[PDB]
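A.B. asks: Dumping the structure here so I can ask a few things about it.
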Amino acid sequence: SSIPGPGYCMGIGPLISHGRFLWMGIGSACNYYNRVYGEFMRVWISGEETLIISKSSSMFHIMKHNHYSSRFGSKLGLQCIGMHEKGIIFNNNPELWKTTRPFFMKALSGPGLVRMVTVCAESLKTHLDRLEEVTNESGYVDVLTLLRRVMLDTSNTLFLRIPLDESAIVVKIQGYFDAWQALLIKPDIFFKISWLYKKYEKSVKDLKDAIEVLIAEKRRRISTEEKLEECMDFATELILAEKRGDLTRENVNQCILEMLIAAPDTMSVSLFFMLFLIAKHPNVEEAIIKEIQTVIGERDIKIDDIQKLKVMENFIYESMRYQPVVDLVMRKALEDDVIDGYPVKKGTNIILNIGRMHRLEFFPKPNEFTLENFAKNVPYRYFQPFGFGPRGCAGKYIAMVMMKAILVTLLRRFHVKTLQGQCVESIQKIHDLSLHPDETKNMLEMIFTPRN
Ligand code: HEM
Ligand SMILES: C=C1C[C@@H]2[C@H](CC[C@]3(C)C(=O)CC[C@@H]23)[C@@]2(C)C=CC(=O)C=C12
């Protein structure tokens, strides 16, 4: 098998496709190219050949083997946002990534994943007793903002615990995201003409400078302190590693930033799409309340409860399957290989189109939202909402805990209504790095009406 895809127009092949990506958006460009050509095909972002793949078989191969534990993207765009060989998310240096990930992995599982289930519920309870902060005169709640705030609160009180300006940092975090999303695949030419990008350069500084203030304090409280053994957390772990010789201060700093943004960047959008799905699916929402009555009653949500919330678990999966937020994964080939039928040279960029994959394969009723798609145990090789393997989502387990926790704590207390005939299908969406709602539009509010 030779490689499918558009004609290489003697050096015009690349230019049309890279342009198509910038004009369309990374997400909807992938969906376009996969629809036109095969579920496996070649394109050019910048110079380098890049493959876009929805085939579950290829998907599985890639996330499984160790020679795909890299991502890709403009070096100058990454340097701009500070993820060039520094975080983990888009840290593309094999060795430096290898040595940092452990820290993330430890903090996002075991003892911490148990605190998180209650840290979440409390954080949300706080914010639900302060609805005045997010509710309109006509009772319209800004769900997106509320969520982002409890996500940041949650992340902070678990991984860093330093008092911060919640409202302020959330807006800056979004500046950071947008900037990241903008510069990720902008061709080098773009960075030469400075008044075009320096817009973004400023949102990055706004967040980084806001965070240096926080880590500066965490550094003090550590260098004083009585029983240091008593209270280990993500930020401390890193700082002490730096205090040995394991980490650079710059890197530490990026990781803390990367940990704080991660939840607000994804959970909030995901739960938002989940909340709309509940409103327009009354049948499903009844099953979820019964399960809560059966499993929890009027007791505080605890770790031992989460396995029992079976219906909800399926709801979360079906929501992510049907309305994904992270619908694509970027990887790079580190060794040569043959993947399915095709030769894949090292240095080849890969975009796994997991969103399209969850509609072309396995599932009984792919194109409608039903809890029937998850009535029979799903092979983790046909459904990858987080990815798996050496570089799968580091939060994949804690994530599910948090989502379960916040949904329970919310639906426990309020019925949710969507304005007009609005639903996830009829929301206007941007489809670039992630797949999220266009916030320059409106009608994205909800109404929270009490229960009992
Ligand atoms: C429901 C929300 C979430 C979704 C849909 C999601 C999904 C994903 C996916 C698909 C990847 C790419 C993995 C791969 O390449 O196969 C990823 C990576 C990652 N995720 Fe998540 N995730 C979520 C929540 C979180 C949370 C809460 C955190 C941390 C608090 C987190 C931290 C990370 C990090 C640090 C990476 C980069 C991993 C690496 O390259 O080493 N994620 N996530
Ligand atoms: C929404 C996104 C986009 C995700 C990214 C991890 C790497 C992903 C999956 C890619 O290869 C392309 C889109 C990227 C993620 C989940 C990780 C952390 C975060 O803060 C925000 C994220």
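Just so we're on the same page: first chain in the structure tokens is A, next is B, and so on; residues restart at 1 for each chain, and ligands are numbered from 1 in the order they show up.
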Any idea what's packed within 9 Å of residue A:289, counting only C-alpha atoms, ignoring anything in its chain fewer than 3 positions away? Could you give it as a count of residues only?
C.D. replies: 8
A.B. asks: Neighbours of ligand 1 at 6 Å or closer, counting only C-alpha atoms and all ligand atoms: which residues, as a CSV table (one decimal) with N, CA and C atoms, in the first residue's frame?
C.D. replies:
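This went into pocket-v7.csv:
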```
chain,number,residue,atom,x,y,z
A,63,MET,N,-0.6,4.5,20.1
A,63,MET,CA,-0.6,4.9,21.5
A,63,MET,C,0.1,3.8,22.4
A,88,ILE,N,4.9,18.7,30.3
A,88,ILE,CA,4.8,17.5,29.6
A,88,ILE,C,3.9,17.5,28.4
A,89,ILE,N,2.8,18.3,28.5
A,89,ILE,CA,1.7,18.3,27.5
A,89,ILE,C,2.3,18.2,26.1
A,101,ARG,N,7.1,13.3,33.5
A,101,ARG,CA,5.9,12.6,33.6
A,101,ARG,C,5.6,12.0,35.0
A,259,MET,N,-0.2,22.0,35.3
A,259,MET,CA,-1.2,21.2,36.1
A,259,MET,C,-2.4,22.0,36.4
A,262,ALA,N,-4.8,22.5,33.2
A,262,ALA,CA,-5.3,21.2,32.6
A,262,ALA,C,-6.8,20.9,32.8
A,263,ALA,N,-7.2,21.0,34.1
A,263,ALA,CA,-8.6,20.8,34.5
A,263,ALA,C,-9.6,21.8,33.9
A,266,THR,N,-10.5,21.6,30.1
A,266,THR,CA,-11.1,20.4,29.6
A,266,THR,C,-12.3,19.9,30.3
A,267,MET,N,-12.2,19.8,31.7
A,267,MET,CA,-13.4,19.4,32.5
A,267,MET,C,-14.5,20.3,32.3
A,270,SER,N,-16.2,19.9,29.0
A,270,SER,CA,-16.8,18.6,29.0
A,270,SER,C,-18.0,18.5,29.8
A,326,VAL,N,-11.9,16.9,23.5
A,326,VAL,CA,-10.6,16.5,22.9
A,326,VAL,C,-10.8,15.4,21.8
A,329,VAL,N,-5.6,13.8,18.8
A,329,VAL,CA,-4.4,13.6,19.6
A,329,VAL,C,-3.2,13.7,18.6
A,385,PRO,N,-11.3,7.7,24.8
A,385,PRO,CA,-11.5,9.1,25.1
A,385,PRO,C,-10.3,9.9,25.7
A,386,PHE,N,-9.5,9.1,26.4
A,386,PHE,CA,-8.3,9.7,27.1
A,386,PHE,C,-7.0,9.3,26.4
A,387,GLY,N,-7.1,8.2,25.6
A,387,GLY,CA,-5.8,7.6,25.1
A,387,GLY,C,-5.3,6.7,26.2
A,388,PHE,N,-4.3,5.8,25.9
A,388,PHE,CA,-3.7,4.9,26.9
A,388,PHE,C,-2.2,4.8,26.5
A,391,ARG,N,2.1,7.4,26.9
A,391,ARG,CA,1.8,8.8,26.8
A,391,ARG,C,0.3,9.1,26.8
A,392,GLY,N,-0.5,8.2,27.3
A,392,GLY,CA,-2.0,8.5,27.4
A,392,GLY,C,-2.2,9.6,28.4
A,393,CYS,N,-3.5,10.1,28.5
A,393,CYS,CA,-3.8,11.1,29.5
A,393,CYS,C,-3.4,10.7,30.9
A,394,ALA,N,-2.6,11.7,31.5
A,394,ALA,CA,-2.1,11.5,32.8
A,394,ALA,C,-3.2,11.6,33.9
A,395,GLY,N,-4.3,12.2,33.5
A,395,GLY,CA,-5.4,12.5,34.4
A,395,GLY,C,-6.6,11.5,34.2
A,396,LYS,N,-6.4,10.6,33.2
A,396,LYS,CA,-7.5,9.7,32.8
A,396,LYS,C,-8.3,9.1,33.9
A,399,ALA,N,-9.7,12.2,36.4
A,399,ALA,CA,-10.7,12.9,35.5
A,399,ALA,C,-12.1,12.4,35.8
```
A.B. asks: Just checking: using only C-alpha atoms, which residue out of A:366, A:389, A:379, A:355 ends up closest to residue A:31?
C.D. replies: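 Distance minimum relative to residue A:31 lands on A:355.
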A.B. asks: If we count only C-alpha atoms, what is near residue A:160 at a cut-off of 9 Å, once residues fewer than 4 positions away on the same chain are taken out, given as a ChimeraX atom specification?
C.D. replies: /A:155-156,214-215,218,233-236,256,260
A.B. asks: Skipping near chain neighbours, those fewer than 4 positions away, what residues fall within 10 Å of residue A:306 using only C-alpha atoms, listed as a list in words?
C.D. replies: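 That gives residues 117, 295, 301, 302, 310, 312, 313, 400, 401, 402, 404, 405 and 408 of chain A.
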A.B. asks: Which residues of stretch 237-335 of chain A sit at most 10 Å from stretch 439-448 of chain A, using only C-alpha atoms? Give each one's shortest atom pair and distance in Å (one decimal place), in chain and ascending residue order, as CSV.
C.D. replies:
```
residue,atom,partner,partner_atom,distance
A:272,CA,A:444,CA,9.3
A:275,CA,A:446,CA,8.9
A:276,CA,A:446,CA,8.4
A:279,CA,A:446,CA,9.3
```
A.B. asks: Would you output that residue set with N, CA and C atoms, as a CSV table (one decimal), in the first residue's frame?
C.D. replies:
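So part.csv came out as:
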```
chain,number,residue,atom,x,y,z
A,272,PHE,N,-19.8,21.1,30.7
A,272,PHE,CA,-20.7,21.9,30.0
A,272,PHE,C,-21.5,21.1,28.9
A,275,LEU,N,-23.8,18.8,30.7
A,275,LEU,CA,-25.0,19.5,31.3
A,275,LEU,C,-26.1,19.7,30.2
A,276,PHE,N,-25.7,20.2,29.0
A,276,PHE,CA,-26.7,20.4,28.0
A,276,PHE,C,-27.3,19.1,27.5
A,279,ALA,N,-30.0,18.1,30.0
A,279,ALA,CA,-31.2,18.9,29.9
A,279,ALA,C,-32.1,18.4,28.8
```
A.B. asks: Just the strand (DSSP E) stuff from stretch 42-155 of chain A, please, per backbone DSSP, written as a VMD selection string.
C.D. replies: chain A and resid 42 to 44 49 to 53 140 to 141
A.B. asks: Find the residues near residue A:55: any atom within 12 Å, counting only C-alpha atoms, skip ones fewer than 4 places away on the same chain, and give them as JSON, numbers by chain.
C.D. replies: {"A": [34, 38, 39, 40, 41, 51, 59, 60, 61, 62, 339, 340, 341, 351, 352, 353, 354, 355, 356, 357, 358, 359, 360, 361, 362, 381, 382, 383, 384]}
A.B. asks: Show which residues sit within 10 Å of stretch 70-77 of chain A, as an MDAnalysis selection string. Count only C-alpha atoms, and ignore same-chain residues fewer than 3 positions away.
C.D. replies: chainID A and resid 45:46 50 66:67 80:85 88:94 97 179:188 190:191 197 201 329:334 347:351 391
A.B. asks: Quick one: which stretch 202-295 of chain A residues come within 10 Å of stretch 162-170 of chain A, and what is the nearest atom pair for each with the distance in Å to one decimal, counting only C-alpha atoms, rows ordered by chain and ascending number, as JSON lines?
C.D. replies:
```
{"residue": "A:206", "atom": "CA", "partner": "A:169", "partner_atom": "CA", "distance": 9.2}
{"residue": "A:207", "atom": "CA", "partner": "A:169", "partner_atom": "CA", "distance": 7.2}
{"residue": "A:210", "atom": "CA", "partner": "A:169", "partner_atom": "CA", "distance": 7.5}
{"residue": "A:211", "atom": "CA", "partner": "A:169", "partner_atom": "CA", "distance": 8.7}
{"residue": "A:213", "atom": "CA", "partner": "A:164", "partner_atom": "CA", "distance": 9.6}
{"residue": "A:214", "atom": "CA", "partner": "A:162", "partner_atom": "CA", "distance": 6.6}
{"residue": "A:215", "atom": "CA", "partner": "A:162", "partner_atom": "CA", "distance": 8.4}
{"residue": "A:217", "atom": "CA", "partner": "A:162", "partner_atom": "CA", "distance": 7.6}
{"residue": "A:218", "atom": "CA", "partner": "A:162", "partner_atom": "CA", "distance": 6.9}
{"residue": "A:221", "atom": "CA", "partner": "A:162", "partner_atom": "CA", "distance": 9.7}
{"residue": "A:260", "atom": "CA", "partner": "A:169", "partner_atom": "CA", "distance": 9.9}
{"residue": "A:261", "atom": "CA", "partner": "A:170", "partner_atom": "CA", "distance": 8.6}
{"residue": "A:264", "atom": "CA", "partner": "A:170", "partner_atom": "CA", "distance": 7.9}
{"residue": "A:265", "atom": "CA", "partner": "A:170", "partner_atom": "CA", "distance": 9.7}
```
